[PDB]
There are 2 protein chains.
Amino acid sequence: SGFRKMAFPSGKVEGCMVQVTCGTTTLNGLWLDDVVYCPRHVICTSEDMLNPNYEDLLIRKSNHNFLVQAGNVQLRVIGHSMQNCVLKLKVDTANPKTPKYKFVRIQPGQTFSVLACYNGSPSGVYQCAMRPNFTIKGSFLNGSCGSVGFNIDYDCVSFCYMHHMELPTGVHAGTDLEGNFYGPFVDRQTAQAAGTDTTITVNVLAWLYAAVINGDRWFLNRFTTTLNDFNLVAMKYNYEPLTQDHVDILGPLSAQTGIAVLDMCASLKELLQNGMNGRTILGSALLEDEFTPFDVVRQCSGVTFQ
Amino acid sequence: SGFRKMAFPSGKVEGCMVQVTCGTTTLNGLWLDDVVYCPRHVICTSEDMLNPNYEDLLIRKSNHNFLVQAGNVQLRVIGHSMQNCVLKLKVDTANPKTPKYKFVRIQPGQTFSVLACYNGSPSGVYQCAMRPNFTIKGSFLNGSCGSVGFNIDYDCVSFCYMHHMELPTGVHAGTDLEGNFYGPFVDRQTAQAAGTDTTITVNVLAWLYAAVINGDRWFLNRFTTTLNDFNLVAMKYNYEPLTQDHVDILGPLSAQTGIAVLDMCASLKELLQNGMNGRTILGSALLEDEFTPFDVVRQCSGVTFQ
Ligand SMILES: *C(=N)[C@H](C[C@@H]1CCNC1=O)NC(=O)[C@H](CC1CCCCC1)NC(=O)[C@@H](NC(=O)C(F)(F)F)[C@@H](C)OC(C)(C)C
Ligand SMILES: *C(=N)[C@H](C[C@@H]1CCNC1=O)NC(=O)[C@H](CC1CCCCC1)NC(=O)[C@@H](NC(=O)C(F)(F)F)[C@@H](C)OC(C)(C)C
């Protein structure tokens, strides 16, 4: 019993974190086999930030311009390449602590775990969602760039995020591990805003199922509703539409609790309409949307990793 | 910017987790040097749970009754000992992934990180506080016993918690790593309840400082109040008294924000009196108390580990 924003154990990822230094700019890199991934804006200078041309910036670099620490050990870069917005620095040493790993590009709504790092040294680990506006409500200070987000699946680290920038609204923007930004953001210091965010409806539903699994049951009703009619209420309250594919993902949870999916939809409808009346679901006074149906099942059933 | 329930990276602790099996009972153990710590109720049987006498239960065991997996590798117990409520199983192999480590017994109010484990395999990592009633609002399923809680301080893992049991109210009880329960709980399957909990006042204050550091500032006032008068309002709302020693710990934060400690006390007083008016502090619709002043400074300043 109990329900926490639970992050994957971060050991597999801690042993891949390294410092990368070009000129006056120090940020984090990720070390897999004999390659170090980091945000390409490490090659920028204080005056190269307004509209940087990374292609000319990078033709002008030689390998020894890249200082890479793995701890107190000094790695040697033997070649560099740019893939979208990430630097791939081929180094002479293969990381022996490389886990089995994949690069995945995740859909808005999925969650991942973030290992926040500074100078190649992990600081902390927390759980994030990729918001519908392809930003993340993260916790990131100066020098946090290059920290990654990831999921673990038995033994494989699916890296899904690298951190690049903080937006004026305080949310965060970055890329998959092939350097494509999530969302329409660019690695330029120009005006960019986050864009209207919505609530991840299917996750709110999965969290309400977690509640039923953990003993809260006050928010239910004998009402039901159609999918069409549910979406009409959702969009008013700035929720994402719920698809039939969402309903199907929420199947196992529906069946474990005996609450039909369109029934939990009627519960949420009433919750959005009437509020929580100053009660709390799972110790939360807000409808929580950063838990996927996978997450709920991982936590309320007890899935491990090797 | 941003503020998350941030757990310490758990790599150092993942490499200490092991499975421990006596008879029909499998639970987690912690492996430091050549010793495996686990809850002593692993030697219990289904009928030995009402008022177990662990001394007679343990004189009757021989070493080979203890099956210890470190992964797919099978450890050999060469001796056993009971220290309070924990088994110390001396094994023939020293754990090579033993970090520098301390056992500390923490005061209510401190927080730690929990690595939830099943069959010796870590499942997830989240951040807990030791509540004033010496329970923890954790997330724990069957077989989670032996999972530890811990803090990291540069390179040293200060283990502070082992998990033993879930209480009827769904909160969790366990011990320090020398086997003394936090609180008045015993490892017996008899009636025990959690006891009235209070809110960790100094932490609520430190979180409000985190808010000021991260841009929220709506909850302040030109009011001030005396310590005496603040405690009078606190105890009404079931908050802990705030001591002068609390005020001093909150010094660095006071000085980083220029909000006198007794001024943030006047802010909280008004917040407890008038509510939040359906606003949110740091994305939270509740006064959050599971962040120590240390935590806020770690996260809003960026402290790392090696
Ligand atoms: C990298 N380590 C760092 C991480 C930032 C710093 C504080 N919190 C973070 O998440 N990233 C940057 O500082 C980054 C610099 C880089 C320069 C070349 C172009 C690509 C980005 N920039 C930012 O995060 C800034 N934001 C923007 O410029 C944006 F366009 F609005 F996104 C950031 C410094 O600006 C404020 C002050 C946070 C609004
Ligand atoms: C150990 N792996 C396990 C972890 C529990 C199971 C589910 N969530 C957890 O945190 N611990 C126990 O099941 C433990 C068994 C042990 C037996 C000998 C005496 C010491 C404890 N017992 C409990 O957590 C039970 N609680 C109690 O008996 C208590 F006295 F109220 F604390 C638990 C199984 O009881 C309910 C059903 C959770 C109320």
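So basically every Cβ, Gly included, is an ideal-geometry build from the backbone, and we count neighbours across all protein chains shown. Read-outs throughout are calculated quantities, based only on the coordinates presented, and are distinct from any laboratory measurement.
Determine one quarter of the surface area of the Cα convex hull of segment B:15-99, which equals its mean projected area, and express it in nm² to one decimal.
5.3
Which cross-chain or sequence-distant (5 or more) residues have an amide H under 5 Å from the amide H of A:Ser147, H modelled 1.01 Å from N in plane?
A:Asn28, A:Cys117, A:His163
What's the exposure ranking of A:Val68, A:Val86, B:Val303, A:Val20, going from fewest to most Cβ atoms within 10 Å?
In increasing order of surrounding Cβ atoms, one gets B:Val303, A:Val68, A:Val86, A:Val20.
Tell me, what ³J(HN,Hα) does each residue in segment B:184-194 have, in order and in whole Hz, if you take phi through Karplus 6.51 cos²θ - 1.76 cosθ + 1.60 with θ = phi - 60° and put x for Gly and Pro?
Running phi through 6.51 cos²θ - 1.76 cosθ + 1.60 with θ = phi - 60° gives x, 7, 10, 8, 10, 8, 10, 5, 9, 10, 6 Hz.
Roughly how many nanometres apart are two label points built 7 Å out from the Cα toward the Cβ at B:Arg279 and B:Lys61?
Simple spin-label model gives 5.6 nm for this pair.
Return the single residue from A:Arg217, A:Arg60, A:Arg40 with maximal mean-square fluctuation; model: Gaussian network over chain A, springs between Cα atoms under 10 Å.
Greatest mean-square fluctuation among the candidates belongs to A:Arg60.
Taking the Kirkwood radius as the inverse of the mean 1/r across Cα pairs, report the Rg/Rh of segment B:221-299.
My calculation puts Rg/Rh at 0.94.
What are the extents of the Cα atoms of segment A:112-178 along their three principal axes, in Å, largest first?
37, 30, 22
For segment A:63-188, what does the alpha-carbon gyration tensor say about shape, rounded, prolate or oblate, given a ≥ b ≥ c as the root eigenvalues, a/c under 1.5 as rounded, and a/b over b/c as prolate?
In terms of gyration-tensor shape, prolate.
Pick from B:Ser121, B:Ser46, B:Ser267: which is most flexible by mean-square fluctuation in a GNM of chain B where alpha carbon atoms under 10 Å apart are linked?
B:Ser46
Would you mind listing the distances between the A:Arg279 label point and the same position in each other copy? Use 7 Å along Cα-to-C-beta, nm, one decimal, shortest first.
2.8
Residues with amide H under 5 Å of A:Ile281's amide H, sequence separation 5 or more or different chain, H placed in the peptide plane at 1.01 Å from N; which?
Residues meeting the criterion, in which the H sits 1.01 Å from N, are A:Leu286.
Report, in degrees rounded to the nearest 10, the 0 to 90 angle that the Cα long axis of helix B:261-274 makes with the longest principal axis of chain B.
So the helix axis and the longest Cα principal axis differ by about 90 degrees.
Is there a quick way to get the dipole size of chain A? I mean about its Cα centre, with the Cβ of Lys and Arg at +1 and of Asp and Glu at -1; what is the value in debye to the nearest 20?
That gives chain A a dipole magnitude of about 400 debye.
With each run of n ≥ 4 DSSP H residues scored as -39500 (n - 2.57), what mean residue ellipticity at 222 nm is computed for chain B after dividing by its residue count and rounding to the nearest 500 deg cm²/dmol?
Using -39500 (n - 2.57) per qualifying helix, the result is -6500 deg cm²/dmol.
How high is the relative contact order of chain B, given as a whole-number percent (alpha carbon pairs under 8 Å, six or more residues apart)?
Reported as a whole number, the value is 18 percent.
Could you pull the copy-to-copy label distances for A:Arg217, with points set 7 Å along Cα to Cβ, in nm to one decimal and sorted shortest first?
Relative to the other copies, A:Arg217 has label-point distances of 4.9 nm.
What percent does the relative contact order of segment B:1-47 come to when contacts are Cα pairs within less than 8 Å and at least six residues apart?
27
Tell me the angle of helix B:201-213 to the major Cα principal axis of chain B, expressed in degrees between 0 and 90 and rounded to the nearest ten.
So the inclination is approximately 60 degrees.
Top mean-square fluctuation among B:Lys97, B:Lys88, B:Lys236, Gaussian network model of chain B, C-alpha springs under 10 Å?
Per the Cα network of chain B with a 10 Å cutoff, B:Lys236 tops the list.
For chain B, count the residues as N, evaluate 2.2 N^0.38 Å, and divide the Cα radius of gyration by that value, please.
1.11
Skipping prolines and chain starts, which residues have an amide H placed within reach, meaning under 5 Å, of the one on B:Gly124, given they are 5 or more residues away or on another chain?
Those lying under 5 Å, H to H, from B:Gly124 are B:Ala116.
Taking B:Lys88 as the anchor, which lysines have their alpha carbon closer than 24 Å to its alpha carbon, excluding any fewer than eight residues away along the same chain?
B:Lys12, B:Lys61, B:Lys97, B:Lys100, B:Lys102
Using unit Cβ charges (K, R positive; D, E negative) and no other charged atoms, how large, in debye to the nearest 20, is the dipole of segment A:198-301 about its Cα centre?
I would put it at about 300 debye.
For the protein assembly as shown, what is Rg from Cα atoms divided by 2.2 N^0.38 Å, rounded to two decimals?
Working it through for the protein assembly as shown, the quotient is 0.99.
Placing a label point 7 Å from Cα toward Cβ, how far apart in nm is B:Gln192 from its equivalents in the other copies, listed shortest first to one decimal?
Listed shortest first, these distances are 5.3 nm.
Step through the residues of segment A:33-40 one at a time and calculate ³J(HN,Hα) from phi using the Karplus curve (6.51 cos²θ - 1.76 cosθ + 1.60, θ = phi - 60°), rounding each to whole Hz and writing x for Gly and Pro.
Result, rounded to whole Hz: 6, 10, 10, 10, 8, 8, x, 5.
Want the number for A:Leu227 to A:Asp33: 0.36 nm per residue separation, take away the alpha-carbon distance, what's left?
Gain on stretching A:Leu227 to A:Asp33: 65.1 nm.
Please get the size of the charge dipole for segment A:15-99, origin at its Cα centre, with Cβ charges of +1 on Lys and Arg and -1 on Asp and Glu, quoted in debye to the nearest 20.
The dipole magnitude comes to about 180 debye.
Across segment B:291-302, in residue order, what do the Karplus-derived ³J(HN,Hα) couplings come to in whole Hz, using 6.51 cos²θ - 1.76 cosθ + 1.60 with θ = phi - 60° and x for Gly and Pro?
Residue by residue, segment B:291-302 yields 10, 6, x, 4, 3, 3, 5, 3, 7, 7, 10, x Hz.
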